[PDB]
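So this one's two forms of a single chain, laid out as structure tokens and tagged structure 1 and structure 2.
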Structure 1
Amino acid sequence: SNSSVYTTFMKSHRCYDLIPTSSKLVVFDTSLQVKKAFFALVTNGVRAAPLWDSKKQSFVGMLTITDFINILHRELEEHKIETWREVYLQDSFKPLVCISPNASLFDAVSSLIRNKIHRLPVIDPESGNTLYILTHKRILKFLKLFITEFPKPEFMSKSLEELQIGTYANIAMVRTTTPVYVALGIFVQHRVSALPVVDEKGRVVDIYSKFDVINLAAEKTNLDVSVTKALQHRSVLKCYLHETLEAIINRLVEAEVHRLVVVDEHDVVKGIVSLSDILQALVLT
């Protein structure tokens, strides 16, 4: 099963396998104020945290950048995570998705993909404890350690166009002139992590992310400002269709970045390949 090797490898291992020997887990009570939770996230240096509801005596989901994006899109910080989740009836409509330590990595990848989420809490059925938080990135690194170290399938050599991996239609992008609030709206509208920034020609010049929006807002100074000006407040990776899938992967993992902009010789944007596109290609397929 050389051409299905990766699938086999992932079905062979458990989520328990990529949990660190010693790890730290930050947990919020849903009664926590969004502002304080936000600052708790920063001081700990994490982008998301599992949510524990005291009334329900249960983990009810995750607090992610997207949740902030939605919030900002509508006192935001005074109200409890509860109140905000209730406004969207989040517990009922997008209920917690969790996975067991003994479940396979393949199941984890599949779950992440089909549920369109990036965080997958590893919970022990026996104690109900959350042990770890799975992500595409962590799973990919694990797969990568295997990829580099054992004979590769022939398709790993195949180019991107050749393999048809990535998204090449309805790409969500922004122009340098585009106001930040406009970008805000399109984030919520397209459910996408980052937006390529393009000039009048359409060439890619920068990438704008949900975190940029949140950074700008935390600054409390107006959303009306364009995309490049906001980008000046800070502190691009692309690929070509002719490049090999293996080379694309290395690039992703090396720079610990989440996706590449696929572009023309002139840098006009053709497509986008993200970690999930990679995982589904290798593992789920």
Structure 2
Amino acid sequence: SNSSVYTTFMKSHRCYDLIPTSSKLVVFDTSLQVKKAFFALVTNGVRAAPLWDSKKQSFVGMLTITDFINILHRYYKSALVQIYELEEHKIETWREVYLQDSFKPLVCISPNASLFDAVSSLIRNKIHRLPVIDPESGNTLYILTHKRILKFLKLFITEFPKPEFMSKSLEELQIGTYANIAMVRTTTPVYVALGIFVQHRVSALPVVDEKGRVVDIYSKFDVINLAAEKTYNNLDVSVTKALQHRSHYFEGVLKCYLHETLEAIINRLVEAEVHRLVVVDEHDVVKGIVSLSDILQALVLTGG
């Protein structure tokens, strides 16, 4: 278990090796209208976009769905108090509104840096998007994510000199979160879910019934769908109605149990191509959550 096939693997592979042969990348000039910028994420089918400051001639940060959620939450509350600035903000001006005195520089990684360094930067900076930037040209090559990193790990270590801990359970490794679980109900208004997203900083919410059994899941991704409509005002509707608008059909929420081996969970997560499993009991009542961050944090501080 100790030192691990994973830790050595990560120290001995470059970030470059995870980049697909061909990818698209969306860049926003910081003078761009916030509204247009979020419409571009949807249009391009993309989660995050580097920010380019033209005056300074460099990347200065990222625009993610979290920023979008933050902005919608502020817009919603501001409207009730007759303040309508938000929508005409340029990226520049919103960043100045929130990155106030407290500075958060762009974190990025060289294509020649270890995958270990990439995993450590995501955990330590509490971040889901790590732009891979070539120090020779200055180009962003690619945006690295937990999902990609885990998939790569599952695939290229497929072969088992297997660490004992792969055959150990979530319970005994203590991977995941089992208390203070943020969740909503069938009827919870979308805006109420926003407030929860903002206050708890959590990527998804299990949707539960009256006995707290999980029947759906409401993600941050399910939130840029609100950038499809030519209105923005439909935030008072229930979470159930909000999810009806999903793209593709839906084979139920992807779940797991506390007593499943880590190996079983990694495989489910990797092949389902999703950010987390909802941890459930015999009766589908939610007992916790296991996210990609949980796993990558486990795999890097040496399993469990």
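For clarity, a rigid core is taken as the largest C-alpha set superposing within 1.5 Å between two forms. Along the sequence of structure 1, residues get numbers from 1 upward.
Just one of the listed positions, 206, 161, 91, 107, moves its Cα by at least 2 Å between structure 1 and structure 2 when the rigid core is held fixed, and it is 91.
Annotation: Cα of residue 25 displaced by at least 2 Å between structure 1 and structure 2, core superposition. Annotation: Cα of residue 60 displaced by less than 2 Å between structure 1 and structure 2, core superposition. For residue 216, the Cα coordinates differ by 2 angstroms or more between structure 1 and structure 2 after the core has been superposed. Once the rigid core is matched between structure 1 and structure 2, the CA atom of residue 125 is found 2.0 Å away. In the rigid-core superposition between structure 1 and structure 2, residue position residue 50 carries a C-alpha shift of 0.7 Å.
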